[PDB]
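Chains as they are written, first to last, in full-length UniProt numbering: chain A, 1 to 52, 56 to 65, 77 to 142; chain B, 102 to 143; chain C, 542 to 587; chain D, 1 to 9, 12 to 32, 50 to 175. For every residue, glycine included, the Cβ atom is placed at its ideal position computed from N, Cα and C.
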Amino acid sequence: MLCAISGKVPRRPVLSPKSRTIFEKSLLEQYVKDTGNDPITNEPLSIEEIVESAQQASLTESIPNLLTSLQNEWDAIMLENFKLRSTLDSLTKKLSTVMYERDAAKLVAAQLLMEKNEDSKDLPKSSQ
Amino acid sequence: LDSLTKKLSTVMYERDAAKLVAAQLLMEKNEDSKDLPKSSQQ
Amino acid sequence: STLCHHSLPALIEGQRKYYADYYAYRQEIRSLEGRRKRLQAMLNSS
Amino acid sequence: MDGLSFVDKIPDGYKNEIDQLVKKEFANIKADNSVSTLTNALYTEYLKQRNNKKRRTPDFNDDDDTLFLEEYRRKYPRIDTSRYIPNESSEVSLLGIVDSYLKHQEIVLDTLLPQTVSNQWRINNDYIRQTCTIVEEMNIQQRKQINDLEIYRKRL
């Protein structure tokens, strides 16, 4: 019911036979011309390999399609992707804080595995 | 975004899972300290 | 995917936890099997 | 690596104590054209490009360029009445059928929520049986150890 590239609701959906994932026609035709492969599974796919109604009620107050609707579409495109670049930069910083504290905890267990077993071994030697 | 969020999630869950290893290991190490010292004294 | 990954890492670490405790149990069994022989040798001198 | 979760029934003070040990180790180790340039600049500035609201502004008894403006208002009203005439002919019916499409889409999301919920419970259910078995193996190991510590002192 949706497209698996943009997140649209497609008007002419097409499905690929190598991996069954429903894509909008213009977006999947653009990908095969760029690099001739399926975007999801990275398998060989061509334009001839692809295999081919939605209602949107226009608002009662439909000038606004030129002015007010079109500015809000290119505002919401601009602000979201910039906030999404801000989302991708923060996680790669939080990836670094994850692995460093992970490797810090590995050195704790590596240090404490030598501490515990030798402390137990000294209890076994204490009996003699 | 989602592919490293899997790497973020799997690390943070395993970090707190490996963090619980230390809390168990430190308490057992502490028990072996007082056991030997009370024994080696007497 | 978390609990799928949490299942796979913990199932391999469980065997390493037990086999470490298994080999530690074999060494404590040797101290028990040897200390009884010295007490068994007490009645030999009697 | 082996930390029992369901078995270990671990205080919040132990979480703070173990985090200090981790923190002490942490201290030791210590593709577009020019459209992308405009979109990044507009979002960083947070400012939007202005649209033409001149058609709302037009006034009577004005010059030849504004005569073009008032005739533009006439073509917009004839188009607006034509666009309103299609909606009236369609009736709500057209708004009704798109609402039925939304309920079918919404139901598919709820089924994906049950499928993920069923699978995450199954991964937990397999883990819970392993933790209980790892409990008894550790408990029997501890009981055998406490026997050996007591026996070795008794023999000596």
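Between the region 109-127 of chain B and the region 117-130 of chain A, are three or more C-beta pairs nearer than 8 Å?
yes
What do you reckon, are the CB atoms on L137(B) and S141(A) nearer than 8 Å?
Locating residue 137(B) in the second sequence gives position 36, where the first residue counts as 1. Locating residue 141(A) in the first sequence gives position 127, where the first residue counts as 1. At least 8 Å separates the beta-carbon of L137(B) from that of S141(A).
Given a cut-off of 8 Å on the beta-carbon distance, is the pair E29(A) and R12(A) in contact?
The residue given as residue 29(A) occupies position 29 in the first sequence. The residue given as residue 12(A) occupies position 12 in the first sequence. No.
For a contact meaning CB atoms closer than 7 Å, what does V136(D) contact in chain B?
Taking the fourth sequence and counting its residues from 1, one reaches residue 136(D) at position 117. Within chain B, no residue comes near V136(D); the closest Cβ sits about 17 Å away, beyond 7 Å.
Going by other Cβ atoms of all chains shown within 10 Å of its Cβ, with 16 needed for buried, is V111(D) buried or exposed?
The sequence position of residue 111(D) within the fourth sequence is 92, counting from 1. Looking at its Cβ environment, which holds fewer than 16 other Cβ atoms inside 10 Å, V111(D) is exposed.
Put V7(D) into one of helix, strand or coil per three-state DSSP.
Position 7 of the fourth sequence, counting from 1, holds the residue named residue 7(D). Three-state DSSP puts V7(D) in coil, outside helix and strand.
Quick check: the Cα distance between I5(A) and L131(D), rounded to an integer number of angstroms?
Within the first sequence, residue 5(A) is the residue found at index 5, counting from 1. Within the fourth sequence, residue 131(D) is the residue found at index 112, counting from 1. So the alpha carbons of these two residues sit roughly 19 Å apart.
By DSSP's criteria, residue 75(A) is part of a beta bridge. Which residues make up the other side?
In the model shown, chain A runs from 65 to 77 with nothing in between, leaving residue 75(A) without coordinates.
Return no unless some Cβ of chain D is closer than 8 Å to the Cβ of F96(A).
If you number the first sequence from 1, residue 96(A) lands on position 82. True, the Cβ-Cβ gap to chain D drops below 8 Å.
Under 8 Å by Cβ, that's how I've got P77(D) and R93(D) pegged, so tell me the actual separation to the nearest angstrom.
Stepping through the fourth sequence from its first residue, residue 77(D) is reached at position 58. Stepping through the fourth sequence from its first residue, residue 93(D) is reached at position 74. Going by Cβ atoms, the distance from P77(D) to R93(D) rounds to 11 Å, so no, they are not a contact pair.
Is it the case that the Cβ atoms of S19(A) and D34(A) are separated by a distance below 8 Å?
Working through the first sequence from its first residue, we reach residue 19(A) at position 19. Working through the first sequence from its first residue, we reach residue 34(A) at position 34. No, Cβ-Cβ distance for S19(A) and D34(A) is not below 8 Å.
Taking a cut of 9 Å between CB atoms, which residues from the region 112-130 of chain B lie near chain D?
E115, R116, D117, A118, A119, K120, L121, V122, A123, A124, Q125, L127 and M128
Please look up how many angstroms separate the CB atoms of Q85(A) and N59(D), rounded, as I've assumed it's under 8 Å.
Counted from its first residue, the first sequence places residue 85(A) at position 71. Counted from its first residue, the fourth sequence places residue 59(D) at position 40. No, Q85(A) and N59(D) are not in contact; Cβ-Cβ is about 18 Å, not under 8 Å.
Under 8 Å by Cβ, that's how I've got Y95(D) and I77(A) pegged, so tell me the actual separation to the nearest angstrom.
Sequence index remark: in the fourth sequence, residue 95(D) carries index 76 (1-based). Sequence index remark: in the first sequence, residue 77(A) carries index 63 (1-based). Sure, about 6 Å apart at Cβ, within 8 Å.
List the DSSP bridge partners of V51(A).
Counted from its first residue, the first sequence places residue 51(A) at position 51. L15(A).
Helix, strand or coil for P44(A)? Go by DSSP, reduced to three states.
Residue numbering aside, residue 44(A) sits at position 44 when the first sequence is read from its first letter. Three-state DSSP puts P44(A) in a strand.
Let me know the secondary structure DSSP gives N80(D) once reduced to three states.
For the purposes of this step, residue 80(D) is taken as residue 61 along the fourth sequence, with counting starting at 1. Coil.
Just to make sure I have the definition right: I need the residues of chain A whose C-beta is within less than 7 Å of the C-beta of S572(C). Which are they?
For the purposes of this step, residue 572(C) is identified with residue 31 of the third sequence, where counting begins at 1. Here the neighbours are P138 and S141.
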